[PDB]
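Take a look at the structure set out below.
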Amino acid sequence: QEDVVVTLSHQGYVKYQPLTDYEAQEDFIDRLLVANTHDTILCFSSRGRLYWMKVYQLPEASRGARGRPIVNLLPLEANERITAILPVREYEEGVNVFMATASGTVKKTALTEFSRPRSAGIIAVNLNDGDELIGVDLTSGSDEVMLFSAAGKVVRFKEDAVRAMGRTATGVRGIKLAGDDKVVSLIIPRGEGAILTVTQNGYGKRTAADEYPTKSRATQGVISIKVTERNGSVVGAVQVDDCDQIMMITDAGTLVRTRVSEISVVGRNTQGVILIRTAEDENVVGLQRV
C-alpha cells in the first residue's frame with residue numbers, strides 16, 4: 001500500500017493529499033513522495049541536518065491549495081532548505097541512506113541508524129562553511145552512485161566503495177573537484193532510463209545510462225557534458241524514462257515543462273541542445289522530473 005502524496009514546493013510550502021484526489025483536479029513541485037498518513041518522513045536539509053516528521057503532521061490540502069511553510073513545521077535556520085524527503089514505514093534492514101555534498105564528499109549510513117528520532121533534529125553529516133548537502137537517496141547495498149558536478153564532470157562507482165559509516169561520521173571524498181567546481185546532483189541509477197542534464201543558459205541533453213562508465217571513487221571523473229561560457233554550468237541531472245516530463249525554473253520565475261521524448265539522445269561529449277531560451281541575465285536554477 002501507499003495512500004497519500006506529499007509535496008514540497010520550490011518556495012518551501014509542504015502539504016499532502018490522498019492520491020485518488022491528487023489524480024483528479026510561479027510555484028513548482030520540488031519534491032514529490034508517496035507514503036501513508038502514519039509513515040515517517042526523513043527531511044534532510046542543505047545544512048546537513050535530519051528531521052523526523054509524521055506525514056499526518058503536514059497539512060492535508062487540495063492540489064490547488066498552497067500548503068504550509070515547512071519553516072513553520074521544522075526548526076530550520078536561515079537558508080536551510082529541504083534537499084531530500086525520504087519515506088519510511090519500517091527502518092528496513094539492509095537499506096542504506098546515501099548522502100552527497102557540494103564539495104564532493106559522500107556518506108553511507110544504514111537506515112536503522114535513524115530509528116531514534118530527536119525533535120530538535122540531528123546532524124546527518126557535518127559540513128564546512130559554504131558546503132551543502134545536495135543529495136540523499138536510499139540504496140540496497142548493491143547500487144551504483146553517480147555524482148554530477150557544475151563543470152560537466154561525472155563520477156560513477158559502486159556503493160560498496162563507501163564503507164557503511166555511523167550516523168555521526170564525517171564522510172569520505174566521492175569525487176576530486178578542481179578549483180571552483182561543486183557537486184550539483186546525485187543519481188542512484190536504476191532501470192534503463194537515460195540521464196538528462198541541463199545547464200544554466202538552458203542547454204541540455206539525454207545520454208543513455210550505459211554510456212556512463214563505472215569508474216572508481218575519489219577520482220576527477222569523466223565528462224558528462226561539455227561546459228562552455230555559451231553553455232553555462234550544469235544545474236542538475238536526473239534519470240528519466242522516455243515517457244517522463246521534466247520541469248525547469250529560471251531565476252526570472254519562468255517555468256517550462258517538457259516531455260523527455262522530444263529531447264535528443266546524444267553522447268557525453270557534446271554541449272547539448274536548447275531546452276529553454278534564457279534572457280541575457282537569466283539562468284536556469286531548477287530541474288525536476290515529473
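Letters A, B, ... go to the chains of the C-alpha cells in the order shown; residues in each chain start at 1; ligands are counted from 1 in the same order.
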Quiz item: Residues at most 7 Å from residue 59 of chain A, counting only C-alpha atoms, excluding those fewer than 2 positions away in the same chain, as number ranges by chain?
Solution: A: 15-16, 57, 61, 67-68
Exercise. Fewer than 4 positions away in the same chain doesn't count, so skip those; otherwise give me all residues within 6 Å of segment 103-114 of chain A, counting only C-alpha atoms, as an NGL selection string.
Key: :A and (91 or 95-99 or 131 or 164-166 or 171-175 or 182-183)
Exercise. Give me, please, the distance in Å between atom CA of residue 83 of chain A and atom CA of residue 3 of chain A, quoted to one decimal.
Key: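 Those two atoms sit 23.0 Å apart.
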Exercise. Run DSSP on the backbone of this structure and report the residues of segment 111-262 of chain A it assigns to helix (DSSP H, G or I), as a list in words.
Key: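 Output for segment 111-262 of chain A, helix (DSSP H, G or I) only: residues 111, 112, 113, 114, 159, 160, 161, 209, 210, 211, 260, 261 and 262 of chain A.
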Take the residues from that selection and write them out as a PDB file, in the first residue's frame, keeping C-alpha atoms.
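Everything below was put into selection.pdb:
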```
ATOM      1  CA  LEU A 111      18.637   3.255   7.562  1.00  0.00           C
ATOM      2  CA  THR A 112      18.293   1.723  11.031  1.00  0.00           C
ATOM      3  CA  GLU A 113      20.791   4.237  12.442  1.00  0.00           C
ATOM      4  CA  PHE A 114      17.948   6.791  12.145  1.00  0.00           C
ATOM      5  CA  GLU A 159      28.170   1.925  -3.386  1.00  0.00           C
ATOM      6  CA  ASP A 160      30.465  -0.778  -1.963  1.00  0.00           C
ATOM      7  CA  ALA A 161      33.323   1.681  -2.476  1.00  0.00           C
ATOM      8  CA  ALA A 209      22.784   5.397 -18.899  1.00  0.00           C
ATOM      9  CA  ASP A 210      25.059   2.602 -20.137  1.00  0.00           C
ATOM     10  CA  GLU A 211      27.329   5.186 -21.805  1.00  0.00           C
ATOM     11  CA  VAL A 260      11.503  13.984 -22.390  1.00  0.00           C
ATOM     12  CA  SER A 261      10.905  12.024 -25.613  1.00  0.00           C
ATOM     13  CA  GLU A 262      11.460  15.217 -27.631  1.00  0.00           C
TER      14      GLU A 262
END
```
Quiz item: When you draw a straight line from atom CA of residue 47 of chain A to atom CA of residue 122 of chain A, how long is it in Å?
Solution: 10.8 Å
Quiz prompt | Proximity to residue 46 of chain A - best of A:6, A:82, A:65, A:14, only C-alpha atoms | solution =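 Among the listed residues, the smallest separation from residue 46 of chain A belongs to A:82.
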Quiz prompt | Spatial neighbours of residue 206 of chain A, 7 Å, only C-alpha atoms, chain gap at least 4 places, as a list in words | solution =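 Surrounding residues, per the criterion: residues 194, 195, 196, 197, 263, 264, 265 and 266 of chain A.
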Practice problem: Using backbone DSSP assignments, extract all strand (DSSP E) residues from segment 121-199 of chain A; output them as JSON, numbers by chain. | Solution: {"A": [122, 123, 133, 134, 135, 136, 137, 138, 139, 144, 145, 146, 147, 148, 149, 153, 154, 155, 156, 157, 158, 172, 173, 183, 184, 185, 186, 187, 194, 195, 196, 197, 198, 199]}
Name all residues at most 9 Å from residue 249 of chain A (count only C-alpha atoms; drop same-chain ones fewer than 2 positions away) and give them as a compact mmCIF listing (two decimals) with N, CA, C and O atoms, in the first residue's frame.
```txt
# COMPACT_ATOMS: atom_id res chain seq x y z
N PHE A 28 6.48 25.48 -8.30
CA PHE A 28 6.54 24.14 -8.87
C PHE A 28 6.91 23.12 -7.80
O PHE A 28 7.59 23.43 -6.82
N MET A 247 10.61 19.54 -15.56
CA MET A 247 10.28 20.93 -15.31
C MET A 247 11.56 21.68 -15.01
O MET A 247 12.42 21.19 -14.27
N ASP A 251 15.77 31.84 -12.63
CA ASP A 251 15.69 32.84 -11.57
C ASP A 251 14.78 34.01 -11.93
O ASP A 251 14.61 34.92 -11.11
N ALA A 252 14.20 34.03 -13.14
CA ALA A 252 13.19 35.00 -13.53
C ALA A 252 11.78 34.45 -13.39
O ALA A 252 10.84 35.04 -13.94
N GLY A 253 11.60 33.33 -12.69
CA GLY A 253 10.29 32.78 -12.47
C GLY A 253 9.67 32.07 -13.66
O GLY A 253 8.50 31.71 -13.60
N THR A 254 10.43 31.88 -14.73
CA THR A 254 9.92 31.19 -15.92
C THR A 254 9.94 29.69 -15.68
O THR A 254 10.99 29.10 -15.44
N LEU A 255 8.76 29.08 -15.77
CA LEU A 255 8.60 27.64 -15.63
C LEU A 255 8.33 27.00 -16.98
O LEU A 255 7.38 27.39 -17.67
N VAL A 256 9.13 26.00 -17.34
CA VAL A 256 8.93 25.29 -18.59
C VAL A 256 8.82 23.80 -18.30
O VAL A 256 9.69 23.22 -17.65
N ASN A 283 19.12 32.74 -15.70
CA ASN A 283 19.80 31.46 -15.59
C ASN A 283 18.85 30.42 -15.02
O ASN A 283 18.07 30.70 -14.10
N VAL A 284 18.92 29.21 -15.59
CA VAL A 284 18.17 28.09 -15.05
C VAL A 284 18.68 27.78 -13.65
O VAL A 284 19.89 27.67 -13.42
N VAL A 285 17.75 27.64 -12.70
CA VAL A 285 18.11 27.35 -11.31
C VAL A 285 17.50 26.06 -10.81
O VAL A 285 17.84 25.62 -9.70
N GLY A 286 16.60 25.42 -11.56
CA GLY A 286 15.96 24.23 -11.06
C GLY A 286 15.54 23.26 -12.16
O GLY A 286 15.01 23.67 -13.19
N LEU A 287 15.78 21.98 -11.90
CA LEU A 287 15.38 20.87 -12.76
C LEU A 287 14.70 19.81 -11.91
O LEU A 287 15.20 19.48 -10.83
N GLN A 288 13.58 19.27 -12.39
CA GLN A 288 12.82 18.29 -11.62
C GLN A 288 12.09 17.34 -12.56
O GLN A 288 11.51 17.77 -13.55
```
Quiz item: Smallest atom-to-atom distance to residue 81 of chain A: which of A:148, A:22, A:51, A:44, using only C-alpha atoms?
Solution: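 Of all the options, A:44 lies closest to residue 81 of chain A.
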Quiz item: With only C-alpha atoms as the basis for distance, which of A:50, A:275, A:168, A:45 is at the shortest distance from residue 79 of chain A?
Solution: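 Once distances to residue 79 of chain A are computed over only C-alpha atoms, the minimum belongs to A:45.
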Exercise. Measure the distance from atom CA of residue 10 of chain A to atom CA of residue 102 of chain A in Å and round it to one decimal.
Key: 19.1 Å
